[PDB]
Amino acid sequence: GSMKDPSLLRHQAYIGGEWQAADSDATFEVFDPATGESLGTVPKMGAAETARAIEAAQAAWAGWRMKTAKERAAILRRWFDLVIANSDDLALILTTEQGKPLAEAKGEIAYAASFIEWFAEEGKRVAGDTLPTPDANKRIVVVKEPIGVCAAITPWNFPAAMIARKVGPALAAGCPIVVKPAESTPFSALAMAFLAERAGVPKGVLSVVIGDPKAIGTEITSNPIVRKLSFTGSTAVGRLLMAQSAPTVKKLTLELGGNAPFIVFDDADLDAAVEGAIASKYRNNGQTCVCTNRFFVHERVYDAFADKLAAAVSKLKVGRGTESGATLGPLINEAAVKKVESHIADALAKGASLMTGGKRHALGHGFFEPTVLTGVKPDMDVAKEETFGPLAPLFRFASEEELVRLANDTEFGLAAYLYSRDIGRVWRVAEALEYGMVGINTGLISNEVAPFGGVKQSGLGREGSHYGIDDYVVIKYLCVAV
């Protein structure tokens, strides 16, 4: 009702090119995380409807792959344009359902938009090889072709970007895709589906399914038609999805939990590290995959860094995403708040000091006071688990050799940040760090052209860049007798 185009808010799922309600007419409700008020209902679908979405995708494949990359890119770039054109609404829809301040959601829409554009262009560059033959009577030619029907289970913390990142490459490679978005935040996904429809995406090529994650998830992983699956969420769930895809040996991309260390050295520019700490810890209220989970600060600047950070934090305003000056929104749901409190409680019981914040905000719901902790030790839960909230735990380190042992002492290896001004120390530490991504004197590393992903328990594959499309195609060796 508050949009230039209210038909962007959808209360039906998108199955095989058609807008539909659940087969049983079951629906669940979606609430504004800041106010708690109802935003309406969406379908509560399951295995049967997902099966139809998968079949449709299979039936849509031959016609979609038969197009040139240039043609697919004409549709994708039309989709891109529509996303740009409806920027203000898409952002409002997102802010309302997910929480983040309008400025951040407009960032997310432009961010999302750029993945569509990037993969439109990449589609035209998926390239094979002609190679030198080891046998004179033979020639070697290698081509690439879409893998088949793709599926993707996206999370709630970036309800729009996550759709573009997973839809973009599949369609660009010549694949149809079935997407199950997060139950918390389905509107942003459906808003994308609707604009993709307008752009001229053929029926079946794109499906957004909404309902029960075990029912839909189970169908996706057991269905032999689905040849590749992408999942961005918790490490725990990702391990299970790998197990359920094992019977049909699916090609997997897994984007799992992190535990980002953010390292402020002896010789770092302190102010800039503080600028980069606010960005890497407090944007999206600390709920991103890439968010700092552990601060490691050198003895010799610990005291000075902590003050500067405490100051910086106190200039951040908490309030509803639609209010001006507002930079920290609510935590997504009730369970998110209880997690932060748990980490704070564990730290306090183990000897930590509350520098600032530490409790729920008076505005209620998901709002939580930006928190800084000092004297954080590695026996505390925050050393081993992700907070997913606005909490800055500061560990102390003495030596570069101790740091690397500290930073790496974790199951996960997604993002990592490092502030130092010495060229040789930067490399030595960056190289030693078991992480897929490393920010060097920057707190913001995410973009469309760089390969995004983790190592170790943070999963498999890479999204964005020229590396992004690789997982969505499969390779063919042609050995030609001459």
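Numbering starts at 1 and runs along the sequence shown.
- Between the stretches 21-29 and 455-463, it is 21-29 that shows the larger average CA temperature factor.
- Comparing 170-178 with 371-379, the stretch with the higher mean C-alpha B-factor in the PDB entry is 371-379.
- The maximum CA B-factor among the listed residues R227, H361, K138, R72, taken from the PDB record, is found at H361.
- Reading the B-factor column for the CA atoms of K203, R125, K144, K315 in the entry, the top value corresponds to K315.
- Ranked by Cα temperature factor within the chain, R78 sits in the middle third according to the deposited record.
- Per the deposited record, the Cα B-factor of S446 falls in the middle third when ranked against the other modelled residues of its chain.
- Split the chain's modelled residues into thirds by C-alpha temperature factor. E117 is in the lowest one.
- Ranked by C-alpha B-factor against the other modelled residues of its chain, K44 falls in the highest third.
- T356: CA B factor in the highest third of modelled residues in this chain (values from the PDB entry).
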